[PDB]
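S.K.: sequence first, structure after, both from an experimental entry:
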Amino acid sequence: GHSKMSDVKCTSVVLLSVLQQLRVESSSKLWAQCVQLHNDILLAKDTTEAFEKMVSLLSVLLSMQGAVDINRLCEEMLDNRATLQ
């Protein structure tokens, strides 16, 4: 059974077309541990602050994934997205 967001065309595509598109390469159960939750995150709040935070998770998670400096020098796409993302 689907917990939320049951067939809405672009469940498990949107964040793959943005984050892993260049940041995180391909196939990491590590990264997927947040790429799962992004699918549910689309109905978090409102279409902005939902999807926004769906990008948030992975940007923090990229640290354990292999990053040391990808917060601050990347906040230009999160904080200068939305002062929120």
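M.R.: Perfect, I can see it now. Numbers count the residues shown, from 1 in each chain.
S.K.: could you say which helix or strand contains residue 57?
M.R.: helix 47-66 (DSSP states H and E).
S.K.: residues in contact with whatever helix or strand comes next after that helix: which ones?
M.R.: Per DSSP H and E, the first helix or strand lying C-terminal to helix 47-66 is helix 79-82. Here helix 79-82 makes contact (C-beta atoms under 8 Å, 6 or more residues apart in numbering) with 48, 49, 52, 55, 85. For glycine as for every other residue, the C-beta is placed from the backbone atoms N, C-alpha and C.
S.K.: my guess is the last one meets residue 52, correct?
M.R.: Yes: counting by C-beta atoms under 8 Å, residue 85 touches residue 52, with 4.5 Å between them.
S.K.: burial count for residue 7?
M.R.: 7 (other C-beta atoms under 10 Å).
S.K.: next up, the contacts around it.
M.R.: Residue 7 makes no contacts at all, as judged by C-beta under 8 Å, 6+ apart.
S.K.: distance check, it against residue 26.
M.R.: In this view, residue 7 and residue 26 are 25 Å apart by C-beta to C-beta, to the nearest Å.
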